[PDB]
Amino acid sequence: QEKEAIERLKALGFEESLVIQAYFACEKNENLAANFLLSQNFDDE
């Protein structure tokens, strides 16, 4: 499973949904998943 990284990805200030899709679309990687969630441009709006 990847549930281990889920709380990790979430711990960066994200959410288990954007996390899963950022760790499944990233082919369950590490530096890739982080890069996904951190590269997901999203401000006030």
# chains A, B, ... in the order shown; residues from 1 in each chain; ligands from 1
call {"tool": "residues_around", "arguments": {"residues": "residue A:3", "least_positions_apart": "4", "cutoff": "12 Å", "atoms": "only C-alpha atoms", "output": "list in words"}}
result
residues 7, 8, 9, 10, 16, 17, 19, 20, 23, 24 and 28 of chain A
call {"tool": "write_last_selection", "arguments": {"atoms": "C-alpha atoms", "output": "PDB file, in the first residue's frame"}}
result
ATOM      1  CA  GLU A   7      -0.426  11.062   5.790  1.00  0.00           C
ATOM      2  CA  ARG A   8       2.940  12.442   4.660  1.00  0.00           C
ATOM      3  CA  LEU A   9       1.656  14.115   1.483  1.00  0.00           C
ATOM      4  CA  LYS A  10      -1.251  15.386   3.637  1.00  0.00           C
ATOM      5  CA  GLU A  16      -5.701  12.651   1.209  1.00  0.00           C
ATOM      6  CA  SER A  17      -7.652  13.154  -2.064  1.00  0.00           C
ATOM      7  CA  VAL A  19      -2.578  13.143  -2.261  1.00  0.00           C
ATOM      8  CA  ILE A  20      -3.898   9.855  -3.614  1.00  0.00           C
ATOM      9  CA  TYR A  23       0.635   9.488  -5.683  1.00  0.00           C
ATOM     10  CA  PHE A  24      -1.311   7.331  -8.148  1.00  0.00           C
ATOM     11  CA  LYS A  28       3.303   5.677  -6.591  1.00  0.00           C
TER      12      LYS A  28
END
call {"tool": "atom_distance", "arguments": {"atom1": "atom CA of residue A:11", "atom2": "atom CA of residue A:25"}}
result
19.0 Å
call {"tool": "atom_distance", "arguments": {"atom1": "atom CA of residue A:5", "atom2": "atom CA of residue A:29"}}
result
9.5 Å
call {"tool": "select_by_dssp", "arguments": {"residues": "chain A", "states": "alpha helix (DSSP H)", "output": "list in words"}}
result
residues 3, 4, 5, 6, 7, 8, 9, 10, 11, 16, 17, 18, 19, 20, 21, 22, 23, 24, 31, 32, 33, 34, 35, 36, 37, 38 and 39 of chain A
call {"tool": "write_last_selection", "arguments": {"atoms": "N, CA and C atoms", "output": "PDB file, in the first residue's frame"}}
result
ATOM      1  N   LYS A   3      -0.632   4.111   1.766  1.00  0.00           N
ATOM      2  CA  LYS A   3      -1.264   4.871   2.854  1.00  0.00           C
ATOM      3  C   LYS A   3      -0.267   5.577   3.807  1.00  0.00           C
ATOM      4  N   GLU A   4       0.972   5.052   3.793  1.00  0.00           N
ATOM      5  CA  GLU A   4       2.060   5.604   4.587  1.00  0.00           C
ATOM      6  C   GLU A   4       2.443   7.013   4.113  1.00  0.00           C
ATOM      7  N   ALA A   5       2.594   7.087   2.777  1.00  0.00           N
ATOM      8  CA  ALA A   5       2.886   8.370   2.172  1.00  0.00           C
ATOM      9  C   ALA A   5       1.658   9.273   2.193  1.00  0.00           C
ATOM     10  N   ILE A   6       0.459   8.681   2.407  1.00  0.00           N
ATOM     11  CA  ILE A   6      -0.742   9.510   2.336  1.00  0.00           C
ATOM     12  C   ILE A   6      -0.757  10.565   3.437  1.00  0.00           C
ATOM     13  N   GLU A   7      -0.462  10.115   4.675  1.00  0.00           N
ATOM     14  CA  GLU A   7      -0.426  11.062   5.790  1.00  0.00           C
ATOM     15  C   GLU A   7       0.739  12.066   5.675  1.00  0.00           C
ATOM     16  N   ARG A   8       1.719  11.675   4.835  1.00  0.00           N
ATOM     17  CA  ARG A   8       2.940  12.442   4.660  1.00  0.00           C
ATOM     18  C   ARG A   8       2.690  13.620   3.721  1.00  0.00           C
ATOM     19  N   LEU A   9       2.141  13.246   2.544  1.00  0.00           N
ATOM     20  CA  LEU A   9       1.656  14.115   1.483  1.00  0.00           C
ATOM     21  C   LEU A   9       0.634  15.122   2.080  1.00  0.00           C
ATOM     22  N   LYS A  10      -0.258  14.568   2.927  1.00  0.00           N
ATOM     23  CA  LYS A  10      -1.251  15.386   3.637  1.00  0.00           C
ATOM     24  C   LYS A  10      -0.600  16.325   4.676  1.00  0.00           C
ATOM     25  N   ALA A  11       0.491  15.816   5.293  1.00  0.00           N
ATOM     26  CA  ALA A  11       1.206  16.566   6.330  1.00  0.00           C
ATOM     27  C   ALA A  11       1.923  17.816   5.777  1.00  0.00           C
ATOM     28  N   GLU A  16      -5.782  14.064   1.591  1.00  0.00           N
ATOM     29  CA  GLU A  16      -5.701  12.651   1.209  1.00  0.00           C
ATOM     30  C   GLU A  16      -6.281  12.343  -0.206  1.00  0.00           C
ATOM     31  N   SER A  17      -7.118  13.269  -0.713  1.00  0.00           N
ATOM     32  CA  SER A  17      -7.652  13.154  -2.064  1.00  0.00           C
ATOM     33  C   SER A  17      -6.641  13.644  -3.123  1.00  0.00           C
ATOM     34  N   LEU A  18      -6.156  14.902  -2.954  1.00  0.00           N
ATOM     35  CA  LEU A  18      -5.155  15.421  -3.904  1.00  0.00           C
ATOM     36  C   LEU A  18      -3.844  14.629  -3.821  1.00  0.00           C
ATOM     37  N   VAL A  19      -3.688  13.991  -2.655  1.00  0.00           N
ATOM     38  CA  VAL A  19      -2.578  13.143  -2.261  1.00  0.00           C
ATOM     39  C   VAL A  19      -2.589  11.836  -3.054  1.00  0.00           C
ATOM     40  N   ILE A  20      -3.733  11.127  -2.922  1.00  0.00           N
ATOM     41  CA  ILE A  20      -3.898   9.855  -3.614  1.00  0.00           C
ATOM     42  C   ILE A  20      -3.706  10.039  -5.112  1.00  0.00           C
ATOM     43  N   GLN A  21      -4.433  11.033  -5.651  1.00  0.00           N
ATOM     44  CA  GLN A  21      -4.356  11.303  -7.081  1.00  0.00           C
ATOM     45  C   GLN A  21      -2.962  11.839  -7.499  1.00  0.00           C
ATOM     46  N   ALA A  22      -2.234  12.395  -6.503  1.00  0.00           N
ATOM     47  CA  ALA A  22      -0.864  12.868  -6.708  1.00  0.00           C
ATOM     48  C   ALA A  22       0.193  11.778  -6.488  1.00  0.00           C
ATOM     49  N   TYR A  23      -0.255  10.621  -5.960  1.00  0.00           N
ATOM     50  CA  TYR A  23       0.635   9.488  -5.683  1.00  0.00           C
ATOM     51  C   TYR A  23       0.229   8.275  -6.521  1.00  0.00           C
ATOM     52  N   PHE A  24      -0.857   8.428  -7.297  1.00  0.00           N
ATOM     53  CA  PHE A  24      -1.311   7.331  -8.148  1.00  0.00           C
ATOM     54  C   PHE A  24      -1.072   7.734  -9.605  1.00  0.00           C
ATOM     55  N   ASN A  31       9.667  11.514  -4.831  1.00  0.00           N
ATOM     56  CA  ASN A  31       9.996  12.864  -5.265  1.00  0.00           C
ATOM     57  C   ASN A  31       9.008  13.357  -6.332  1.00  0.00           C
ATOM     58  N   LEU A  32       8.376  12.378  -7.022  1.00  0.00           N
ATOM     59  CA  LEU A  32       7.446  12.715  -8.095  1.00  0.00           C
ATOM     60  C   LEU A  32       6.119  13.212  -7.493  1.00  0.00           C
ATOM     61  N   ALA A  33       5.668  12.444  -6.478  1.00  0.00           N
ATOM     62  CA  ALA A  33       4.412  12.753  -5.809  1.00  0.00           C
ATOM     63  C   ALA A  33       4.457  14.106  -5.117  1.00  0.00           C
ATOM     64  N   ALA A  34       5.555  14.305  -4.363  1.00  0.00           N
ATOM     65  CA  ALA A  34       5.785  15.598  -3.734  1.00  0.00           C
ATOM     66  C   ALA A  34       5.776  16.711  -4.796  1.00  0.00           C
ATOM     67  N   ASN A  35       6.547  16.473  -5.881  1.00  0.00           N
ATOM     68  CA  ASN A  35       6.583  17.480  -6.945  1.00  0.00           C
ATOM     69  C   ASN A  35       5.188  17.780  -7.525  1.00  0.00           C
ATOM     70  N   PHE A  36       4.321  16.738  -7.555  1.00  0.00           N
ATOM     71  CA  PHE A  36       2.953  16.903  -8.058  1.00  0.00           C
ATOM     72  C   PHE A  36       2.188  17.912  -7.177  1.00  0.00           C
ATOM     73  N   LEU A  37       2.172  17.601  -5.858  1.00  0.00           N
ATOM     74  CA  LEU A  37       1.343  18.348  -4.916  1.00  0.00           C
ATOM     75  C   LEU A  37       1.855  19.787  -4.705  1.00  0.00           C
ATOM     76  N   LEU A  38       3.188  19.935  -4.863  1.00  0.00           N
ATOM     77  CA  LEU A  38       3.836  21.221  -4.610  1.00  0.00           C
ATOM     78  C   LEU A  38       3.770  22.097  -5.879  1.00  0.00           C
ATOM     79  N   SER A  39       3.662  21.380  -7.024  1.00  0.00           N
ATOM     80  CA  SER A  39       3.558  22.006  -8.341  1.00  0.00           C
ATOM     81  C   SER A  39       2.099  22.288  -8.737  1.00  0.00           C
TER      82      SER A  39
END
